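Below are the chains, spelled out letter by letter.
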Amino acid sequence: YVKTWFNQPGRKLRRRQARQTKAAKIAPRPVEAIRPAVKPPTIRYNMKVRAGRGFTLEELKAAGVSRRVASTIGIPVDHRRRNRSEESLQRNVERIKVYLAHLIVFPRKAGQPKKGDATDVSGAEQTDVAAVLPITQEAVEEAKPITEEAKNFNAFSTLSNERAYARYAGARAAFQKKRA
Amino acid sequence: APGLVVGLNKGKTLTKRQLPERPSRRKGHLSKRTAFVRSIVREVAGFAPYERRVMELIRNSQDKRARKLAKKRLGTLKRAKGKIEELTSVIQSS
Amino acid sequence: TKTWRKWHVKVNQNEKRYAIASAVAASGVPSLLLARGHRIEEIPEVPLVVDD
Amino acid sequence: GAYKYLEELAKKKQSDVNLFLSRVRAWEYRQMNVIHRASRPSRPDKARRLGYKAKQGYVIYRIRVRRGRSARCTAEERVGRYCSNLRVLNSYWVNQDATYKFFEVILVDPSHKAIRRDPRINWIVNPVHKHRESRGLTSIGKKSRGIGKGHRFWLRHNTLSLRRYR
RNA sequence: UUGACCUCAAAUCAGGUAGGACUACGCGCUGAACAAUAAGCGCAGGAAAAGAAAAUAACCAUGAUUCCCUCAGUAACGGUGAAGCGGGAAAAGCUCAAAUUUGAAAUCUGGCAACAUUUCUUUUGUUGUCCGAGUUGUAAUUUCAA
RNA sequence: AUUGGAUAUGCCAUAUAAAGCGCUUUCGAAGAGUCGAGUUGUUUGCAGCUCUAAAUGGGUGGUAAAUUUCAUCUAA
RNA sequence: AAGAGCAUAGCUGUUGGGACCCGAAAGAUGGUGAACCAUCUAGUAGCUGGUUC
């Protein structure tokens, strides 16, 4: 009917106490899980880099952690996503690598180190993941010289005619198969 | 990808990595077990009347009418052409 | 009377900062303090600063 | 297993064997009550893949409905109204005649001690799952009310939002 | 002459369970003179419903559901009126059927005797044993991400 | 007074064990009066009615072309 | 053709919401009794009346 917002300060305070209660419940481990570096899917936003849902099975396979170990230690796994450009392989890989590097796993069963989890345990600290693992934007270039070969490259020689070539490709292909 | 925006090559020029084949796409693949089961059920269950009617239409070379009638029964051309081809293989097998 | 009367009102954030600075600067003028009603007839200094 | 043959046979619904068996069974079901307990499903493969297991607690009731709201949905609601102490898991189709649609409906005993100790089916015990078909939460009910995932499928418009600062 | 198995009865047999009320909020069916509304009927919970893609898109690609802002009074339809993308709140994943263990039904309810445990002499189990359920299929393994 | 679960400790446990990941010399079963088509009603969705599927099949779209490639997903 | 708009408050006008207030038969839904009741309803009002220093 008429949705009023008189609870807006109240709802904000609820979330704060929700985070504080949640964080204090699992204090040793970080409050926010890590997320991969992913690119928005459209021509308007494809230049940007944002945080996705999880790391694809290709990346965990490359990073040397199983899809079971990753879930236990706080690495979300996304099965739907598939990463095709091997940079997206890369940019997510060392992201997992540095996360593992800064990660300290408390040994189970009374602090006897199992496999390679850890030895020290007093280093228990709850840190913001976006601090140690911030997501960066695209690395833009600065001060590149020459490219006078691109000078003679007179833009529309590609744009105007290749756009026309793309537009007429179907008719052209139909022509070639016709007189053949 | 000619480092450009347009054309029937367009895209940002990178080195695509050959992604693996996922098990969801496996659907439609034939199993020798299920192919055997379908053979058994075909041999024991029989045929509905409408494919019965169309097959002597193939037998007496009445192909066009059977194709049209098969289209009327199912609804789509691909279902109809898929039907008649498998009955014909049955016809030559017999 | 309905609850959805417009109770809260927006103010430009820069205008808010403008007015806060003006009130701060106004707190350093002994004439303004006396007119507002404070008794600063024997204050050593406006502005007044005590140690840490 | 022998189940693979079963649904492949079940798919050929215009086969003479199925055509005969439908009629003799339809003649019989007309002469029992409109709803009646069945010792074992007439299509074990269909019930099995719908969540039925041959263990104590699961029960099958056969029912028929006049043709001419879905026939499937009306089957469950009538069964749930009849076996009012059970949670009805699912339902499936069996037979027709010129006038009737015959269904077999799977129900699970929520208070039975075999169901409560079986983790795969304890979810039905929890109180939110009682009389789902009166709420339209079953397989047919969920499909009937148009619920799914896609573009293909009210009070977020008629309400007026008046924020604190506007 | 007897015993099985099946179908159906009967018990003031043992154990359980359903009704009814509230209904602000949930989910249905029906539905008017506005409105997929009011009224009517059905059924729940502390939340409900939805939910791990038979979803988007056409990109350097996104990745369960729910909610908020934006898209946008735009597309679309002819006054009605979205959604993808983006930002944020919250994040959590999974289970069966479809194949066998055939060198062992390994599974399960209940009766009885003990051992316990309790929010609790009021609860919840365990062990043993017996009996029944169950090969028209209870277990283990597997669910397409495989 | 109980309880929150962690910490340490003590005692049993059974543990002849099973599982994760290098590889495969391969096999991969995958939900039917359902999907769908026509038809009638009602607000593409659903529903009655008659017909009724299939295995790289099926759904869905960018393309083409009115068919096609391509993309994406795996319903009952 | 050497950008002038954006945000906030106020006034006034207009459009829509009960819409300055009061007042028409009627119609629907569901009930009670052998017409009545409650909701939709604060309706259709192109008018009548009133409208405060």
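We count residues from 1 along each chain, following the written sequence rather than the entry's numbering, and we skip any residue without coordinates. Chain A is the first chain written and ligand 1 is the first ligand written, with later ones labelled in order. Every figure given here refers to the displayed chains, which form just one part of a larger assembly. The basis for every side-chain value is the complete set of heavy atoms in the structure, and neither hydrogens nor water enter the calculation.

Per the PDB entry, chain D goes by the name 60S ribosomal protein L15-A and belongs to Schizosaccharomyces pombe. In the PDB, the structure is listed with the title "Fkbp39 associated 60S nascent ribosome State 2". UniProt positions are given in the numbering used here, feature names are shortened, and annotations may be inferred rather than shown by experiment. Taken directly from UniProt, the Subunit text for chain D runs: "Component of the large ribosomal subunit (LSU). Mature yeast ribosomes consist of a small (40S) and a large (60S) subunit. The 40S small subunit contains 1 molecule of ribosomal RNA (18S rRNA) and at least 33 different proteins. The large 60S subunit contains 3 rRNA molecules (25S, 5.8S and 5S rRNA) and at least 46 different proteins." UniProt, in the comment section headed Sequence similarities, describes chain D in these words: "Belongs to the eukaryotic ribosomal protein eL15 family."

Under the PDB entry, chain C has the name 60S ribosomal protein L4-B and belongs to Schizosaccharomyces pombe.

Peer 1: So what about the protein's contact with RNA strand E? Which residues, and what values?
Peer 2: All names here are of chain D. It suffices for a single heavy atom of a residue to lie within 4 Å of a molecule or strand for the residue to be listed as near it. The local shell around RNA strand E holds 69 residues, among which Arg-48, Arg-120, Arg-145, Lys-149 and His-151 are the closest. Counting only the atoms of RNA strand E within 4 Å of the protein, the fraction contributed by sugar and phosphate is 76%. Polar contact criterion, stated in full: a pair of N or O atoms within 3.5 Å, where within protein one must be able to donate a hydrogen and the other to accept it, and residues adjacent in sequence count only if both atoms are side-chain atoms. A distance of 3.1 Å separates a phosphate oxygen of RNA strand E from a polar side-chain atom of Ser-39. A distance of 3.1 Å is found between a sugar or linking oxygen of RNA strand E and a side-chain nitrogen or oxygen belonging to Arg-40.

Peer 1: Outline the sheet that holds strand β2 (residues 58-66) of chain D, supporting the account with residue identities and numerical values.
Peer 2: Hydrogen bonding along the main chain pairs the strands of a sheet, whether they run parallel or antiparallel. Residues and elements named next belong to chain D. For two strands to be treated as a pair, DSSP must find no fewer than two bridges joining them. Helix numbering and strand numbering both begin at the N terminus, where a helix is a DSSP run of H or I of at least 4 residues and a strand a DSSP run of E of at least 2. Taking strand neighbours across the sheet as the criterion, the 4 strands line up as β1-β2-β4-β3 in an open arrangement whose pairing is antiparallel. Either end of the sheet is taken by a strand with one partner, and the two such strands are β1 (35-38) and β3 (87-96). Across this sheet, the average inter-strand angle for adjacent strands is 25 degrees, counted without regard to direction. Every residue pair with non-hydrogen atoms within 4.5 Å of one another is taken to be in contact. Here an angle of 0 to 180 degrees is reported between the N-to-C directions of two axes, which are lines fitted to C-alpha atoms, with helices fitted over the stretch in contact. Along the sheet face, helix α2 (residues 16-31) touches β2, β3 and β4 (100-108) and points at about 120 degrees away from the line of β3.

Peer 1: With reference to specific residues and values, describe the protein's contact with RNA strand G.
Peer 2: All names here are of chain C. As a structural note, the neighbourhood of RNA strand G is formed by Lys-2, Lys-6, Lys-10 and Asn-12. Within 4 Å of the protein, atoms of RNA strand G come from sugar and phosphate in 75% of cases. With respect to RNA strand G, the side chain of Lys-2 contributes an N or O atom lying 3.5 Å from a base oxygen. Separating a sugar or linking oxygen of RNA strand G from a side-chain N or O atom of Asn-12 is a distance of 2.7 Å. Looking at the surface near RNA strand G residue by residue, the class counts come to no nonpolar, 1 polar and 3 charged. Residue polarity follows a fixed list, in which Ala, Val, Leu, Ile, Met, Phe, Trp, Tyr, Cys and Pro are nonpolar, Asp, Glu, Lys and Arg are charged, and the others, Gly among them, are polar.

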